[PDB]
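Next comes just one chain, in structure tokens: the form deposited in one PDB entry.
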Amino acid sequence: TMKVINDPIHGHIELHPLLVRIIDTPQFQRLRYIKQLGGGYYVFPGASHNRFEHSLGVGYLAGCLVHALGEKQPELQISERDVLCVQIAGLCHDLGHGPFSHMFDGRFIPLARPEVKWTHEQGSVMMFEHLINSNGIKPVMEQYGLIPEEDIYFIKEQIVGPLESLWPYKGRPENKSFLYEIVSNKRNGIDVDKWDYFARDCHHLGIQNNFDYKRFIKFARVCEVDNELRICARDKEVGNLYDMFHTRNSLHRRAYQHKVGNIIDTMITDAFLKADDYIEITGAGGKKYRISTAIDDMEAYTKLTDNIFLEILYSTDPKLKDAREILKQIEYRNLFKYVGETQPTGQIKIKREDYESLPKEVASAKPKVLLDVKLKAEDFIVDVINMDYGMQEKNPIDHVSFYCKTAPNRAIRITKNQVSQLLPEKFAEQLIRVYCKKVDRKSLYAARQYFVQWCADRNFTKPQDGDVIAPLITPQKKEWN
């Protein structure tokens, strides 16, 4: 039997029994113990929500979109099989997230295991495979009209993109291309994943969402673009699409890259790094794994959630003392201190290979200020944050197809010039934040002098509080006045 579930965002949702079967497994239920916004909860007290409820919402919206397209255009031949496969991909897209979500694959794994290249999406494919195999899902799929081998493949492609390096997909053909655009849209980033998190994150954060996904659904059609049937938006809705990406950027700005939230994520990561040699997680065949190696074994990874934070915090093992001590500083709210923020000026980009060298640069600045303290490279954190419209330097709207009232089956393109002169001139930028691990008044004052001097030396933008935090430094640069 279908179940009805009440979600605060979407209201009363129906879950097909096959979905219920997938949901009621250790692999899916695991997402109840992983916070959507990671350390954000320690800044936004409403942000208590977990990946579980987001995944349900994504599964639901994926079904909503596919159904709506099918009802409007029978000629697409969307089957209930297709609907289920998209719902399942929606449900399972986040299965590979680790403790504190983006903290894990964004901060911890790069530091704990530089030799690997890991993403939560790859994790999701592996965990999905593990969910299917450990819980006897294949016969249940068959029972509801799915073809497991083809459809499992299709689901994985929806999650992670083409699985092999020309129509690059095997699970569905070009005439159902639009099905790959629903859960995770690699072409332009317009997908139901965003739609759920905009609404859900806003509801919990206490920030109001200004994007209307239901309007989008109503104005969506499928049209022939090249040899594919693709989702197209109504032409006059282009402004709303630009606003959609604007909203994503505002949420990143206000909430997801919050300067304190990020420093909490940083501190948690430092603690995990201190604990990683001492915490054991039992995986397949009794083998032991670490926090950093649990990603190599889905049975161990199943048991790796936000609970690791509390295992550390409540530990008595002397070997965990350093890790424990960092988490206690989180609790006492003795956090690393924000120094400032700046950006590059020209066409200038900071390369990732250079990130590690930045704290030394800041330490090596020579502010012409008499200081009671001298600071070292290790005292500074330099966070380089890429802010963009989801496709690096590119305008996603250049990869959207539209239709017009007078010819609803004909796909067209719209350029930036055809829309508005008040839109962004660029679609990517970098923010550079600097923090100091020395928290006393005198270290902080010194840190600000080094930071502003560094901005001056590098021809970066003048920090907003520059004249206040470093009055002796800002005059030297008259690009700044």
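Just count from 1 along the sequence shown to find any residue number. Rigid core (definition): largest C-alpha set, two forms, superposition within 1.5 Å.
Chemist: Per the record, how many residues of the deposited chain fall between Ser165 and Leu166 without being modelled: none, 1 to 3, 4 to 9, or 10 or more?
Modeler: According to the record, 4 to 9 deposited residues lack coordinates from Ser165 to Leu166.
Chemist: Look over 388-396 and 243-251 in the entry and identify the one with the greater average Cα temperature factor.
Modeler: That would be 388-396.
Chemist: Mean C-alpha B factor from the entry: is it higher for 230-238 or for 276-284?
Modeler: The stretch with the larger average C-alpha B-factor is 276-284.
Chemist: Among the candidates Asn307, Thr293, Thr316, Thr302, give the one with the maximum CA B-factor reported in the record.
Modeler: Top of the list by C-alpha B-factor: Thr316.
Chemist: Which of these, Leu131, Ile88, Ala377, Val192, has its C-alpha atom at the highest B-factor, as the entry lists it?
Modeler: The listed residue with the largest C-alpha B-factor is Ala377.
Chemist: What third of the chain, by the recorded C-alpha B-factor, contains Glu353?
Modeler: CA B-factor rank for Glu353: highest third.
Chemist: Ordered by C-alpha B-factor within the chain, which third holds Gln453? Give me lowest, middle or highest, please.
Modeler: For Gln453, whose C-alpha B-factor we compare with every modelled residue in the chain, the answer is the middle third.
Chemist: Could you place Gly466 in the lowest, middle or highest third of its chain by Cα temperature factor, using the values in the record?
Modeler: Tercile = highest for this residue's CA B-factor.
Chemist: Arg81: which third of its chain by C-alpha temperature factor?
Modeler: Ranked within chain, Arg81 CA B lands in the middle tercile.
Chemist: Splitting the chain's C-alpha B-factors into thirds, which one does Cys92 fall into?
Modeler: CA B-factor rank for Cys92: lowest third.
The next section is about a form of this same protein that is not shown, the form deposited in another entry.
Chemist: Out of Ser134, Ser315, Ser364, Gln73, I need the residue that shifts by 2 angstroms or more at the Cα between this form and the one not shown, core superposed.
Modeler: Once the cores are aligned, the residue moving by 2 Å or more is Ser364.
Chemist: Does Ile348 count as moved between this form and the one not shown, where moved means a C-alpha shift of 2 angstroms or more after fitting the rigid core?
Modeler: True for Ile348: a C-alpha shift of 2 Å or more.
Chemist: Superposing on the rigid core, does the Cα of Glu237 end up 2 Å or more away between this form and the one not shown?
Modeler: Moves: yes, 2 Å or greater.
Chemist: Answer yes if the CA of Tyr180 moves 2 Å or more between this form and the one not shown after aligning the rigid core, and no otherwise.
Modeler: Moves: no, less than 2 Å.
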